[PDB]
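Written below as structure tokens is the structure these notes are about.
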Amino acid sequence: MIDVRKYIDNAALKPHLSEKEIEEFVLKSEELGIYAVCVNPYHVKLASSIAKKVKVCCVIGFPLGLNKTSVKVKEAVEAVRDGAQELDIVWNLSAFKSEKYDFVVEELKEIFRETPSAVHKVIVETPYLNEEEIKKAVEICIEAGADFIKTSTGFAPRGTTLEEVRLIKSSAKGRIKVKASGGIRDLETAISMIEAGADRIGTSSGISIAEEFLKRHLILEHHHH
Amino acid sequence: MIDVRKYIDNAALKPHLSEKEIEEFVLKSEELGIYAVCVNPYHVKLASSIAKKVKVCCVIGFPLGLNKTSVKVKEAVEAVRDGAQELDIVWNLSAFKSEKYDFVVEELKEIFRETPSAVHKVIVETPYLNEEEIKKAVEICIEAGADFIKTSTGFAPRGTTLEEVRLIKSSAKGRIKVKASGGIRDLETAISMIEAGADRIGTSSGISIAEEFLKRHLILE
């Protein structure tokens, strides 16, 4: 009976989307009581102008995370100046893979300190990580002082798994929140991810999921009868 | 075959690639005589530090093109300083779709002017455009003064087709060059794309293609 809407970060990140489409996307989400909307930097100002109660989240160095630190910082800074309340920042996976852990932590710390007012979520790209790397990823995000660790950008051949979220939840030990995203297109999946540890859910199907929840809540029993 | 290596922009853009792999990629491409390597901003310094004859290309605002103009500018400038000789810039498709053509042209013009020493290629993302939008795309790239109009980006449900290349070439009518990319995995395809009008080939399988070219040459003669 989980109110999934409050966990949803509805994403409208497709490049072919018009500004009008972004506007109505933000409106529908607000109407459905969805917690937040995730958009690309170009759409931050627009989203914040339309949004009333819905939080405005902006993707930084998305989706590849291979922009220079200075560029990620500028993008993070400008995102907040355009009205961003939350930042889903893609870390530098190549540096991580090259074992430049300090560089990864410092890039995140620098981006965070230049944007103290926003909630910081670090996308670590779990579909490219094995168990050990995920444990390291968690320690990196915690050392960086992130509020959340986001599993995936969606730009991968595999969606996030329940195993991945369960592991992150266990490794975290309550010192960081978890955002499950990537391949989540329905209510049952969103619910399972939350039950597995997710504190927030990333999806581009937030409207459909929110409606399916509404339908079930209106029709099926579960209250006090 | 008409030496396809001179047309190849070998791309190494997956984020899971370590810096050791990027180095090996650039080295291998160099040994095979590939025209250029295409990398993300972070890898430009590394790529240029090992590249001898291969040209260094950097993707800007890649692959979504929805970054602010200001950041795309900074990214482009930083790329040049790191050693980039060519820049493959993703235009703002949202703005395009919203009919903000002037915005789109102006963003590109601005990026180009801050990096006058680099070859400028505009990725228009053809898999998200119909025939009419492709023709408008061509007129935008020409108006912006780009050297090449690039088809895909690689992150799309479909690659480029011979029909798209033929279309772009005829619409261009010698006013801009064409770089075909997206789904080009082998020599046969690379050759057909060039025959269709491609002046450059964007591919992540450049090593395989160049090797196939050498093998055919050495085995046939």
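Note that the numbers count up from 1, one per residue, in the order the chain is shown.
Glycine is treated like the rest: Cβ placed from N, Cα and C.
Per Swiss-Prot, the features are:
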| type | residues | note |
| --- | --- | --- |
| ACT_SITE | A:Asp88 | active site, proton donor/acceptor |
| ACT_SITE | A:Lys150 | active site, schiff-base intermediate with acetaldehyde |
| ACT_SITE | A:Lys179 | active site, proton donor/acceptor |
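These features come from the PDB entry:
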| type | residues | note |
| --- | --- | --- |
| SEQADV | A:220-225 | expression tag |
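Taken through DSSP, the expression tag (A:220-225) splits into 0 helix, 0 strand, 6 coil. For the active-site residues A:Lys150, A:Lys179, the ranking by surrounding Cβ atoms (within 10 Å, all protein chains) places A:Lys150 first. Under the DSSP three-state reduction, the residue listed as 'active site, schiff-base intermediate with acetaldehyde' is assigned to strand. Mapped onto three states, the DSSP output places A:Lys179 (active site, proton donor/acceptor) in strand.
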